[PDB]
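A.B. asks: quick one: experimental structure and sequence below.
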Amino acid sequence: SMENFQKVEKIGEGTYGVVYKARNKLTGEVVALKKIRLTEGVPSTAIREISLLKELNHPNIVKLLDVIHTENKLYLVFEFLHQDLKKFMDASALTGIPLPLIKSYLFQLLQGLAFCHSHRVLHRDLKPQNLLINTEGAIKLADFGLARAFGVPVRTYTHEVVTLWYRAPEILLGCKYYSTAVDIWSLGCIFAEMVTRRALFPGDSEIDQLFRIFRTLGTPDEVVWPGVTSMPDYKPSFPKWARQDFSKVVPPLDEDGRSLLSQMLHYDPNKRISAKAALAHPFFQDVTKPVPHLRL
Amino acid sequence: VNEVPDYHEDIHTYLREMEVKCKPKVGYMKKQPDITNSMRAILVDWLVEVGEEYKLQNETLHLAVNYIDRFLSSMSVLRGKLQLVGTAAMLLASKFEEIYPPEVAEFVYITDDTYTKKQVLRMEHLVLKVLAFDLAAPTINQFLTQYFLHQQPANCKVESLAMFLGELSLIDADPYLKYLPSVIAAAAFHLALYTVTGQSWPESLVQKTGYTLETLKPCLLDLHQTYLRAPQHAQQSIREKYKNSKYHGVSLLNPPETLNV
Ligand SMILES: CCn1cnc2c(Nc3cccc(Cl)c3)nc(N[C@@H]3CCCC[C@@H]3N)nc21
């Protein structure tokens, strides 16, 4: 296997391993290689990514093509994608992203996420650096290093999860259990970010993150979120900030977009909209799949 | 939301499919020249002990057993190496399922230096190659916890007793290798329900599963007998485990003499 690939350039470093662009010499196909070096044997990080990605075939999840097991290294062969969403947002900083593209990308990310949740898989690290895009107008979920197969109902899983800015309140307040709602929170922070080109809650610690969320959405009490007052890291001495109009949180967004975003950032994980239900929302009435507006 | 209402039915359908793809060969033990159902019985009992010593999830144990049966369904193994296979399987399972897996060095310690660290790590790689990394297998527990959601009033002795019976089935390849995880879990749920409350397998699970008391009868008969004979079985680590308060001392409950089936 490994002698048919010609390395082209380095792309960069992921959750684990290092990523290269390369070319299949016999077939012509451009691929992305993730090289993992082999202390402790095969890392659980790779055991999860490989097993879960072999099961998941969907047009909005990155495709794992082969595993090459050279006993000294492990090579993961993946379909190549031209850029991640974070870099594309910097390339559009002046100008903005056109609304039909935001709509298309949000729609595709929900399709991919609905497919993960129907196959018993929680992403856990959804941020713009982990969402890959191509020339033809597709966006795909990538980086399953932090992912994890769940049971029904869920048990207690790892607490040290999701990058700070995209982390849901139930994780911040130390609840025993978290579920699929955690990925929707992240996807809502990202939707706001596509519209604005800056992060919605850019905290510097667990407590500052919480305070930035409360400042925008209101400090939650027992009426808006039953049980919140008993959570392990809830403190009665938290400041009680008033909730501001969503027309002020994301000023350029239409009435439908605001409806959808509010539903994705609901405090209570039981009332937060599912990826499956979000696909039917009136925001996506007129949706298409245009190609990105700039070169990648 | 912790019971994922929008997805539980898609997830049940998916697990039914995978259950069939991750199935071991039903009659693998006769084509193994050096080992027997008795030897695998000893190995599984040892893994239960290891799981209690390092306080691992029960799912971890069920998965390891799945990896062992699949590996032995295609690879001949000498009696002197059966423990090396079983140790690698438990390492792989813990890495997949545990928040805090034990370190490789502790998996060497629990073998009484029968094997080296180099050996354990190489067996890890071979098990991965043989299974082609397909490690997210459905288990009895994955079905059982779903079935538990159909209780009139949730009942803790019912739940712990079903877990115990499910776990008992792991020891005896003959004849539990011919039954699928979803079926064994359905027999174990009905049997625990009857023993404790006198109730039966509800119409709501007939609706979800398609399984009736008549299609469950074969497995339900073998499992009844296993429960009755458990105090006499050569391997006792599971009975000992389910004496704990953690599982409501359910191994002390007396089986029923008769089924009405
Ligand atoms: C392994 C699956 N995979 C397929 N295509 C990938 C990828 N593509 C590019 C190519 C050129 C520029 C960029 Cl930013 C991403 N980046 C990529 N990851 C890099 C790693 C650090 C730099 C940003 C990006 N997430 N992973 C890719």
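C.D. replies: Alright, I've got the coordinates. Residues are numbered from 1 along each chain as shown, chains lettered A, B, ... in the order given.

A.B. asks: what's near enough to touch the residue positioned nearest the centre of chain A?
C.D. replies: Computing the C-alpha centroid of chain A and ranking residues by Cα atoms, centre = their mean puts residue A:126 first, at 1.8 Å. With contacts defined as Cβ atoms under 8 Å, 6 or more residues apart in numbering or on different chains, the neighbours of residue A:126 are A:113, A:141, A:162, A:166, A:183, A:186-187, A:190. In this view, the C-beta of every residue, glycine as well, is placed from N, C-alpha and C.

A.B. asks: and the residue of chain B found nearest the ligand, which helix or strand is it part of?
C.D. replies: At 16.5 Å from the ligand, residue B:133 is the closest residue in chain B, using Cβ to the nearest ligand atom. Using DSSP states H and E, residue B:133 maps to neither a helix nor a strand.

A.B. asks: and what of the one 10 residues further on?
C.D. replies: According to DSSP H and E, residue B:143 maps onto helix B:140-147.

A.B. asks: get me the contact residues on chain A for chain B.
C.D. replies: Contacts of chain A with chain B, taken as Cβ under 8 Å from any Cβ of the partner chain, map to A:40-44, A:47-48, A:50-52, A:54-55, A:67, A:69, A:71, A:117-120, A:149, A:151-158, A:177, A:179-181, A:269-270, A:272, A:274, A:276-277.

A.B. asks: which ones among those map onto strands?
C.D. replies: When the residues of chain A next to chain B are checked against strands (DSSP state E), the matches are A:67, A:149.

A.B. asks: sitting in helices, which of the residues of chain A next to chain B do you find?
C.D. replies: A:44, A:47-48, A:50-52, A:54-55, A:117-118, A:181, A:276-277 (DSSP state H).

A.B. asks: returning to what we had before: the helix holding residue B:143: what's the following helix or strand?
C.D. replies: In N-to-C order, the element after helix B:140-147 by DSSP H and E is helix B:156-169.

A.B. asks: re the thing from before, residues in contact with the closest residue in space to the residue of chain B closest to the ligand that isn't next to it in sequence?
C.D. replies: Nearest non-adjacent residue to residue B:133, counting by Cβ to Cβ, 6 or more residues apart in numbering or on different chains: residue A:50, 4.6 Å away. By Cβ under 8 Å, 6+ apart, residue A:50 lies in contact with A:64, A:67, A:76, B:133.

A.B. asks: go on, residue B:14?
C.D. replies: Contacts of residue B:14 by Cβ under 8 Å, 6+ apart are A:118-120.

A.B. asks: what is the three-state secondary structure of it?
C.D. replies: Under DSSP: H, G, I helix; E, B strand; the rest coil, residue B:14 falls in the helix class.

A.B. asks: check residue A:258 too.
C.D. replies: helix.

A.B. asks: correct me if wrong: it contacts residue A:246.
C.D. replies: Yes. Residue A:258 lies in contact with residue A:246 (Cβ atoms under 8 Å); the separation is 4.9 Å.

A.B. asks: can you pull the domain assignment for chain A?
C.D. replies: With domains defined by curated CATH domains, chain A comprises A:2-82, A:83-293.

A.B. asks: how far does the shortest one stretch from start to finish?
C.D. replies: Right, the one you point to is domain A:2-82. The straight-line separation of the ends of domain A:2-82 (Cα to Cα, to the nearest Å) is 22 Å.

A.B. asks: how is residue A:3 assigned, secondary-structure-wise?
C.D. replies: helix.

A.B. asks: still on that earlier bit, among the contacts of residue A:126, which ones are in strands?
C.D. replies: Counting by DSSP E, the contacts of residue A:126 place residue A:141 in strands.

A.B. asks: which one of the contacts of residue A:126 is nearest to residue B:52?
C.D. replies: residue A:162 (32.6 Å; Cβ to Cβ).

A.B. asks: was I right about that closest one contacting residue A:171?
C.D. replies: Yes. If you go by Cβ under 8 Å, residue A:162 and residue A:171 touch, sitting 6.3 Å apart.

A.B. asks: who's more crowded, these two?
C.D. replies: residue A:162 (21 against 18; other Cβ atoms under 10 Å in any protein chain shown).

A.B. asks: residues contacting the residue nearest to residue A:167 when sequence neighbours are not counted?
C.D. replies: Sequence neighbours aside, residue A:209 is the residue nearest to residue A:167 in space, at 6.8 Å (criterion: Cβ to Cβ, 6+ apart). Contact analysis of residue A:209 by Cβ under 8 Å, 6+ apart lists A:164-165, A:167, A:172, A:201, A:203.

A.B. asks: and the gap between residue A:209 and the ligand?
C.D. replies: According to Cβ to the nearest ligand atom, to the nearest Å, residue A:209 stands 23 Å off from the ligand.

A.B. asks: what about that residue, which SS state?
C.D. replies: helix.

A.B. asks: next, the buried residues of stretch B:56-67.
C.D. replies: B:56-67 (16 or more other Cβ atoms under 10 Å in any protein chain shown).

A.B. asks: so who does residue A:41 touch?
C.D. replies: B:91, B:104, B:120-121, B:124-125.

A.B. asks: which ones among the residues you listed are found in helices?
C.D. replies: Reading helices off the contacts of residue A:41 with DSSP H, I get B:91, B:104, B:120-121, B:124-125.

A.B. asks: number of residues surrounding the nearest residue to residue A:196 once chain neighbours are set aside?
C.D. replies: Spatially, and ignoring its direct neighbours in sequence, residue A:196 is nearest to residue A:250 (6.8 Å; Cβ to Cβ, 6+ apart). Residue A:250 has 17 neighbours, counted by other Cβ under 10 Å.

A.B. asks: so who does residue A:250 touch?
C.D. replies: Residue A:250 neighbours (Cβ under 8 Å, 6+ apart): A:192, A:195-196, A:257-258, A:261.

A.B. asks: and the closest residue to chain B within the stretch 151-296 of chain A, how far from residue A:253?
C.D. replies: Residue nearest to chain B within the stretch 151-296 of chain A (Cβ to the nearest Cβ): residue A:274, separated by 4.2 Å. Distance of residue A:274 to residue A:253, computed by Cβ to Cβ, to the nearest Å: 21 Å.
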